[PDB]
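Asker:
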Ligand SMILES: [Zn+2]
Ligand SMILES: [Zn+2]
């Protein structure tokens with residue numbers, strides 16, 4: 003009985019109640035490698051996750067999310083296009099009903115099997131609730147998933163999804179090191195955008211890594227066995243929880259690499 007990814011409530015309908023859906027800095031977008039230009043002014047990007055403290059994993063009926071203790075500069079993201087310090091709040095994924103789709107961003111119109119989002123907030127604004135009201139309030143680090151060999155860093159996640167099958171279910175989820183989900187290269191594209199779900203707020207600097215991570219066909223299949231619904235409600239399997247690419251309009255996608 004609210005927005006989702008179904009026949010009634012999915013991305014094609016969100017504009018009926020979230021008019022910013024047709025706005026001037028919406029996400030995701032297609033990243034055209036012929037027009038996304040190298041920017042020599044981009045400063046080095048610093049992913050600092052060695053102090054990350056994971057807390058819980060939750061199925062909220064839109065995705066599953068892993069939360070972190072962001073109460074001090076534990077896990078942070080700095081540099082790149084960003085000014086100051088952004089703290090890691092949570093991560094979650096978007097994925098498809100089959101391997102040939104599921105990512106939100108695309109590259110030369112190619113869809114990946116899934117996309118990982120590491121959500122960070124700008125400490126200049128003091129807290130998340132203030133940050134999300136500002137155009138530079140959040141930075142989301144996006145990582146593509148392709149099907150290949152199994153990803154060891156995803157094992158802990160895969161092993162607990164059966165315990166959070168339905169909407170509202172959560173589990174303790176400590177000592178998860180998000181570095182295991184990063185590719186070797188931190189080469190990236192960046193542009194100003196929005197949340198890719200309602201409320202679609204235009205408060206995000208996107209940093210999308212060029213190198214995908216490979217996960218096994220079984221690992222991404224396990225994401226597809228989660229339920230959008232709650233316990234006792236009839237089953238609706240959690241798949242195709244991605245928004246398609248939106249018009250770039252008056253924005254430039256910058257590459258960190260030549
Ligand atoms: Zn109602
Ligand atoms: Zn997301």
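Residue numbers (the deposited numbering): 3 to 260.
The C-beta atom is built at its ideal place from N, Cα and C for all residues, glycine as well.
Taking all protein chains shown into account, decide if residue 181 is buried (16 or more other Cβ within 10 angstroms of its Cβ) or exposed.
Answerer: Exposed is the call here.
Asker: Name, in chain order, the residues that DSSP records as bridge partners for residue 88.
Answerer: The partner list for residue 88 (beta bridge, DSSP) reads 79, 124.
Asker: First and last residue of the alpha helix (DSSP H) that includes residue 131?
Answerer: Where residue 131 is concerned, the enclosing alpha helix (DSSP H) stretches over 130–133.
Asker: Counting only runs of 3+ residues fully inside the stretch 191–231, write out the beta strand (DSSP E) ranges in chain order.
Answerer: Counting whole runs of 3 or more residues, the stretch 191–231 contains the beta strand (DSSP E) stretches 206–211, 215–217.
Asker: State the Cα-Cα distance for the pair residue 26 and residue 201, rounded to the nearest angstrom.
Answerer: Rounded to the nearest angstrom, the two C-alpha atoms are 15 Å apart.
Asker: Would you check whether ligand 2 has a heavy atom nearer than 7 Å to the C-beta of residue 198?
Answerer: It does: the Cβ of residue 198 is within 7 Å (strictly closer) of some heavy atom of ligand 2.
Asker: Use the C-beta contact count for residue 83: other C-beta atoms within 10 angstroms, 16 or more gives buried, fewer gives exposed.
Answerer: When all chains shown are included, residue 83 counts as buried.
Asker: Using a threshold of 7 Å, is the CB atom of residue 107 nearer than that to any non-hydrogen atom of ligand 2?
Answerer: No - ligand 2 has no heavy atom lying nearer than 7 Å to the Cβ of residue 107.
Asker: When DSSP builds the beta bridges, which residues end up paired with residue 93?
Answerer: Beta-bridge pairing links residue 93 to 68, 120.
Asker: If residue 70 and residue 57 are in contact, beta carbons under 8 Å, what's the gap, nearest whole angstrom?
Answerer: With 8 Å as the limit, residue 70 and residue 57 qualify as a contact, their Cβ atoms being about 6 Å apart.
Asker: Between residue 94 and ligand 1, is there a pair consisting of the residue's CB and a ligand heavy atom that are separated by less than 7 Å?
Answerer: No, Cβ of residue 94 sits at least 7 Å from all heavy atoms of ligand 1.
Asker: So what's residue 161 in DSSP terms, helix, strand or just coil?
Answerer: It is helical.
Asker: Among 191, 161, 110, whose alpha-carbon lies nearest the alpha-carbon of residue 144?
Answerer: Of the listed residues, the one whose Cα sits closest to residue 144 is 191.
Asker: Report all residues from its chain with a CB closer than 7 Å to the CB of residue 68; omit the five preceding and five following residues, and keep chain order.
Answerer: Closer than 7 Å at the Cβ level, and outside the excluded window around residue 68, lie 56, 59, 92, 93, 175, 178.
Asker: Can you determine whether any heavy atom of ligand 1 sits closer than 7 Å to the C-beta of residue 17, and answer yes or no?
Answerer: False, no ligand heavy atom lies under 7 Å from that Cβ.
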